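Have a look at the structure below, then the notes.
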Amino acid sequence: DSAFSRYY
Amino acid sequence: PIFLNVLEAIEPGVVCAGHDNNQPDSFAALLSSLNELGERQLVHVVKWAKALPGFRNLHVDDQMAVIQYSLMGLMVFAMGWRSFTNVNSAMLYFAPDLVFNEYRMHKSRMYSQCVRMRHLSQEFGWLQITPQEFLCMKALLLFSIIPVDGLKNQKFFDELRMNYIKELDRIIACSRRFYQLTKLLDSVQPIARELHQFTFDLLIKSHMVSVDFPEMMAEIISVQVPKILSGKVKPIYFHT
Ligand SMILES: C[C@](O)(CS(=O)(=O)c1ccc(F)cc1)C(=O)Nc1ccc(C#N)c(C(F)(F)F)c1
């Protein structure tokens, strides 16, 4: 979903 | 010493803004470099975090939030450090290529929060603040902001936080000192709040004043930052 959760 | 062995080892090295110190200081010049530096520093705050003692305890969502929640307050804190160790708190060492003066502090339209942040850096010196004290204070800050709705895995967090403080009891080893350190850790939040306010507002008005937000920072500012400002997500203070 979200860009910060993606990168993590 | 293990816990410090760690924090020393994993401590991210200072990153640059890529800012142009040849071009005149202006609001928009200044604030497109602090959003880029924020994203840069955040990228170092992620790495840093993952490798922390027991941080892979947590539900990946709590791991994630806590970082987005505590990101600003940390950055300030190592600027609290960087300004103090490099320039003796005369100026703000956000980075080597973006050390701040009073003109920049004003051109950036961030003057208040910026005095506040030097005062912090001043209080780094006033108080004999050692580097190990700095690492575990900085470490602590990651676990300094929660939904008052609590976390998905709130029990791991309660206990994890308990230990990082226990580590901070030991760095001192007496209670006189703690009060001050705590007190300082507590002096981060009002600032990180004021900045969060400015950032938010700045995002909101971003299209109008020619200031560039990284495709990622806008998320955090628009989705996670506002939970803090609406009071859904609070700082954990030591005092009052
Ligand atoms: C204006 C802003 O760029 C906003 S941001 O970096 O996108 C940001 C977005 C979301 C956050 F939760 C925190 C910060 C910012 O505060 N930048 C910034 C960059 C570097 C440093 C340092 N060091 C700091 C400060 F924490 F020191 F103020 C602030």
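Numerical summary
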read-out	value
Shape category assigned to the stretch B:43-99 from the gyration tensor of Cα positions, a/c cut at 1.5	prolate
Dipole magnitude (debye, nearest 20) for the stretch B:8-137, charges at Cβ of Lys, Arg, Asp, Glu	140 debye
Stokes-Einstein D (µm²/s) once Rh is taken as the Kirkwood radius of chain B over alpha-carbon pairs, at 10 °C in 1.306 mPa s	87 µm²/s
Nearest-0.05 FRET efficiency for B:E215 and B:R170, computed from C-beta distance (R0 30 Å)	0.10
Ellipticity estimate at 222 nm from DSSP helix runs (n ≥ 4, -39,500 (n - 2.57)) divided over chain B, nearest 500	-21500 deg cm²/dmol
Stokes-Einstein diffusion coefficient of the stretch B:77-200, Kirkwood radius over Cα pairs, 20 °C, 1.002 mPa s, in µm²/s	137 µm²/s
Inter-label distance, nm, simple model (7 Å from Cα along the C-beta direction), B:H207/B:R193	3.1 nm
Residues with amide H under 5 Å from that of B:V233, placed H, sequence gap 5 or more	B:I228
Spin-label model distance (nm) - B:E39 vs B:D25, 7 Å beyond Cα toward Cβ	2.5 nm
Cα-based shape type of the protein assembly as shown, given that a ≥ b ≥ c are square roots of the gyration tensor eigenvalues and the cut on a/c is 1.5	oblate
Given B:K107/B:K227; B:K152/B:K183; B:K152/B:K227; B:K138/B:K166, the pairs whose alpha carbons are separated by over 18 Å	B:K107/B:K227; B:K152/B:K183
Separation in nanometres of the label points that stand 7 Å from Cα toward Cβ, at B:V223 and B:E11	3.3 nm
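Ideal geometry is used to build each Cβ from the backbone, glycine not excepted, and the neighbour counts take in all protein chains shown. We did not get these values from a lab; they are worked out from the coordinates using the rules stated.
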